[PDB]
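Results of the structural survey
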Amino acid sequence: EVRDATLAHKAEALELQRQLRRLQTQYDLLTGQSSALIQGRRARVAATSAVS
Amino acid sequence: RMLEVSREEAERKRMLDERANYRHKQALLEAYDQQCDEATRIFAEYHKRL
């Protein structure tokens, strides 16, 4: 009866931490992996101008 | 933090797949140079004066 007054906030509680851990695996983990191929673009077009 | 840009991928197809068969173009360049060569062929012994 009264736990519904309290279990209600539990649903949103697990919602934001589930976001937060989804956020947590993406704060400093995006820059760790999304820049893996950034190094290529320096030489990925140097050879393009080389055939000219 | 969307700092990935797949333009490298667009150039990954471009960067060095040309060299993996670098000699396809030289066969055609031989064909383009063939008219230069065949003109040189016909300008060899008597047309050497040309």
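Residues numbered from 1 in each chain as written, not as in the entry; some residues may be left out. Chains lettered and ligands numbered in written order. Part of a larger assembly, values for the part shown. Heavy atoms only, no water.

By the method listed in its record, cryo-EM, this PDB entry was determined to a resolution of 8.1 Å.

Moving on: the overall build of chain B. Across its full length, chain B holds 2 helices and 0 strands. Along the first, second and third principal axes, the C-alpha atoms of chain B reach 70 × 20 × 10 Å. Summing over all exposed atoms, chain B offers an accessible surface of approximately 4600 Å²; the carbon and sulfur share of this is 54%. Positive and negative side-chain charges in chain B, numbering 11 and 11 respectively, have mean positions lying 3 Å apart. (Helix = DSSP H or I, 4+ residues; strand = E, 2+ residues; numbered from the N terminus. Areas by Shrake-Rupley, 256 points an atom, 1.4 Å probe, with all protein chains shown as cover. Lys, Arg positive; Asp, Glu negative; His and termini not counted. Charge placed at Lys NZ, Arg CZ, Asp CG, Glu CD.)

Along the polypeptide, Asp28(A) turns up in the loop between α1 (3-24) and α2 (29-34). For the pair formed by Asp28(A) and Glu12(A), sequence separation is 16 residues and the distance between their alpha carbons is 25 Å.

At the interface, 13 residues of chain B touch 14 residues of chain A. At the boundary of chain B with chain A, total buried surface from both sides reaches about 1300 Å², with 63% on carbon and sulfur atoms. Of all residues in chain B, the largest losses of buried area upon contact with chain A belong to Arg1(B), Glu8(B) and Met15(B), amounting jointly to 47% of the total for that side. The interface formed by chain B and chain A includes 1 salt bridge. We note a salt bridge from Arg44(A) to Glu8(B), for which the minimum N-O separation is 3.0 Å. (Contact = heavy atoms within 4.5 Å. Buried area = accessible area lost by both parts, 1.4 Å probe. Salt bridge = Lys/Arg side-chain N within 4 Å of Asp/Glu carboxyl O.)

All names here are of chain B. Applying the stated criterion to the full structure yields 0 aromatic pairs over all chains. Its guanidinium or amino end placed over the ring of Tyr22, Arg19 lies 4.3 Å from that ring's centre, counting from NZ or CZ. We note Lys25 situated over the ring of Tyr22; from NZ or CZ to the ring centre the distance is 4.3 Å. (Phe/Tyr/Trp six-rings, centres within 6.5 Å; stacked < 30°, edge-to-face > 60°. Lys NZ or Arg CZ within 6 Å of the ring centre and 35° of its normal.)

Before going further, it helps to examine unusual backbone geometry. The backbone of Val5(B) shows a phi angle near 35°, a positive value even though the residue is not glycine. Secondary-structure assignment places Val5(B) in the segment before α1 (7-15).

Moving on to α1(B). Taken together, the buried positions of α1(B) are occupied by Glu8(B), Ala10(B), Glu11(B) and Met15(B). The arc that holds the buried residues of α1(B), viewed along the axis, is 155°, so those residues lie on one side. Looking at the packing, one finds that the buried side of α1(B) touches α3 (40-44) and α4 (46-50) of chain A. (Buried < 20%, exposed > 50% of the residue type's maximum accessible area, 1.4 Å probe, protein only. Arc of directions from axis to C-beta.)

Glancing now at the pattern of salt bridges. Residue and element names in this part refer to chain B. On inspection of all chains with the given rule, the structure shows 6 salt bridges over all chains. Between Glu11 and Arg14 there is a salt bridge; the shortest N-O distance is 2.5 Å. Pair noted here: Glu11 and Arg14 are both in helix α1, with a separation of 3 residues, about one helical turn. By relative accessible area, which is 4% here, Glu11 ends up buried.

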